[PDB]
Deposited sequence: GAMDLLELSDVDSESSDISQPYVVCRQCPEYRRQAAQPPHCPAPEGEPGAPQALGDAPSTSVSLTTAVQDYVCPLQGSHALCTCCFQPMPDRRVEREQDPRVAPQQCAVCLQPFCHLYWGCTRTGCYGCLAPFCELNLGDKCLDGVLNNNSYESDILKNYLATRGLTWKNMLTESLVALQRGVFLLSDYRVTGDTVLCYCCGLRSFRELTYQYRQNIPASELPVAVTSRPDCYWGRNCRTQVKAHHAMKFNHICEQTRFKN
């Protein structure tokens, strides 16, 4: 397929098929990769980078998919900056929405807790990353650190896990009594019913599955 990117040479550009009417410059033997976020082509310099750290990262270190943001800046509605070190990743203004178990009731409790204390999702993440680095908090992508260069989706995934642990460590006395009065749901954090308003309000879902007595 013919591909013209931001950094392609003019002669390539003018040789593409015309429309229908009613510092880097790409080398010939080079290739392009499509940004996973904006779908636009960029020169694929990953191999080059493996032996030359001066080239900007072009992929998430977790999912290994290509993203163009660090390389030359990505632009798309919905893109907040799709590749960054975890500690600097833009998760978006609504990142607290359903951040706990995809559960709006539980998530709103955390939002209220943070707002009451003048804290941001940013403050929460910074605090969580400290716990992560000491091995107090844990991640499924267990080798991710605050310094890991990752994408929006992978960052969001780990942010949810860190945030759950953050919430877990809030003392009951620091939350409204209406929150702490609710009994634990038998099925815990993975409960399938908590996406339903009534069930979410009735039971606490910041807990683990009940197994034995």
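Gaps between the deposited sequence and the modelled structure occur at positions 1-20, 43-69, 261.
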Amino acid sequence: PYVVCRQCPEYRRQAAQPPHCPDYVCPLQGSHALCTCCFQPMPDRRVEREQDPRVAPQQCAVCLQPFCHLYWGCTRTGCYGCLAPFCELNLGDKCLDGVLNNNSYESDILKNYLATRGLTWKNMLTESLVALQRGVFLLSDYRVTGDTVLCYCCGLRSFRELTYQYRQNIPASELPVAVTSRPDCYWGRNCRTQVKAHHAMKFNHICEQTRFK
From here on, numbers count along this sequence of modelled residues.
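If you average the C-alpha B-factors over 199-207 and over 8-16, the higher value belongs to 8-16. As recorded in the PDB entry, 54-62 is the stretch of 54-62 and 163-171 with the greater mean C-alpha temperature factor. The residue among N123, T77, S107, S140 whose C-alpha carries the highest B-factor in the deposited model is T77. Within the selection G155, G30, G188, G146, the deposited Cα B-factor values reach their highest point at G30. Compared with the other modelled residues of the chain, the Cα B-factor recorded for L83 ranks in the lowest third. The entry lists a Cα temperature factor for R117 that places it in the middle third of the chain's modelled residues. In this PDB entry, the Cα temperature factor of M42 sits in the middle third of its chain's modelled residues.
Placement of the Cα temperature factor of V136 within the chain: highest third of the modelled residues, per the deposited record. Sort the chain's modelled residues by C-alpha temperature factor and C68 lands in the lowest third, per the entry.
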